[PDB]
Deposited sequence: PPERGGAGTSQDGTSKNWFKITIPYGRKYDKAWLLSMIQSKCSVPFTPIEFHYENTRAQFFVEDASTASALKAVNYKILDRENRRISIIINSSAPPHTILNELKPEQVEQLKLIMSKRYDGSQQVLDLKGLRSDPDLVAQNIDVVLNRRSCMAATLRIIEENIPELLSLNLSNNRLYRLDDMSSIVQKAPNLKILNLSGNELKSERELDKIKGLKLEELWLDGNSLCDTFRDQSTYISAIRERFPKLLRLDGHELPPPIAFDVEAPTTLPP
């Protein structure tokens, strides 16, 4: 069992001074295996449960030059160098904001991968990646609870299960655009069945070549979203009840 020690604002101090001050308080000798900087914070591992405890007891005990306390956060963790970095998120978060229309609550995450402003920053927004859509939805839940329309077209999406918790994160989502993706089956829609969509776009997905006529297509989709009014830009015939 390993532990990862993080010192927020570690790059604000002399590596030498810092590590020494820690040891001067830590009851036992330790060794920073894999010490490295990752933006302001300093990080290193500790392959020992007893040590980690000793290290954690050093938290809040070191006063710095400008009279601030130095904090040490400790969590157990995997191995040496085996996901989204804070920096990627505040970035992804920032981009998302620039593409949210407050007036109509519309988040446009269209073809995100080919974006100006992050033209090679080296963070390639990959929404078809589980961890990333995870982060995305998480930001929506925190910052845009009242989201009404979400555009996720052209992102090579192929497994909607990754965004199946959107039902509870975006309660009022009514419009969803999934056109131009890599959905193969009709079954994928079942993972987002809970949305009370009024509008939906699926064209551009191979799942369409699954039906022989619009009649069947609309029935299948409406089967999941009963109150659907528009589909692929076209208005649908009022739902017939029984």
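- Residues of the deposited sequence with no modelled C-alpha atom fall in the ranges 1-16, 99-101, 262-271.
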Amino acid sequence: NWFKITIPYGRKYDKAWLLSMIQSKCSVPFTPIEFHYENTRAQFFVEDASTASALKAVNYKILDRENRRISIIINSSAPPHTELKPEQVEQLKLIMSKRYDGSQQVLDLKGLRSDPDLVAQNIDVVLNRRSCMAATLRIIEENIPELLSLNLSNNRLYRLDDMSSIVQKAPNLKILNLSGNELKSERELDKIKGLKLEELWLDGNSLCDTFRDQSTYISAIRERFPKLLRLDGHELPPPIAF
From here on, numbers count along this sequence of modelled residues.
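- On average the C-alpha atoms of 209-217 have higher B-factors than those of the other stretch, with 209-217 and 57-65 being the two compared.
- In this entry, the higher average B-factor at the C-alpha atoms falls on 84-92, of the pair 84-92 and 152-160.
- Sort the chain's modelled residues by C-alpha temperature factor and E182 lands in the middle third, per the entry.
- Looking at the C-alpha B-factors along this chain, the one for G194 belongs to the highest third.
- For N128, the recorded CA temperature factor ranks within the middle third of the chain's modelled residues.
- For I73, the recorded CA temperature factor ranks within the lowest third of the chain's modelled residues.
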